[PDB]
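Next up is one chain by itself, shown in structure tokens, the form solved without the partner chain.
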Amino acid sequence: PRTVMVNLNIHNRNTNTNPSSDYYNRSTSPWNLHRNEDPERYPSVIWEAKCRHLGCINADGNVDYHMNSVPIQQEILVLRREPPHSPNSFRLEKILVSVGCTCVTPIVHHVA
């Protein structure tokens, strides 16, 4: 079906199975989260990661410029109000959200 009903009273499911950890701070590719708010969307607030460094942190605690911190982006669906400002009708939309960062070897190639 094109149109369906959704009950917005969320039930949690296994959110206390493999659940504070401070990975964003302990990572060799650390990041910070920034708040994105849009009143025309559910969820209205989405937190986005931004990597703190271009490089990665090494064993000595210094930045290793030979490796790159990169954000891990995830395709996410959101509900957008349709028509605009509607309290109770939406369309699904697809966006990319950065969830955190990892450290990768760069892709290397001579200029052509």
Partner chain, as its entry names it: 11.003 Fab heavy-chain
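Take the two forms, find the largest set of C-alpha atoms that superpose within 1.5 Å, and that set is the rigid core. Shifts are known only where both forms have a C-alpha. Residue numbers count along the first chain shown, from 1.
The same protein also has a form solved in complex with the partner chain, omitted here; what follows describes it.
Fitting the two forms on the rigid core leaves the C-alpha of residue 58 displaced by under 2 angstroms between the shown form and the other one. Put the two forms on the same core and the Cα of residue 73 is off by less than 2 Å between the shown form and the other one.
Fitting the two forms on the rigid core leaves the C-alpha of residue 85 displaced by at least 2 angstroms between the shown form and the other one. Once the rigid core is aligned, the segments that move between the shown form and the other one, defined as three or more consecutive common residues whose C-alpha shifts all reach 2 Å, run 83-88, 106-108.
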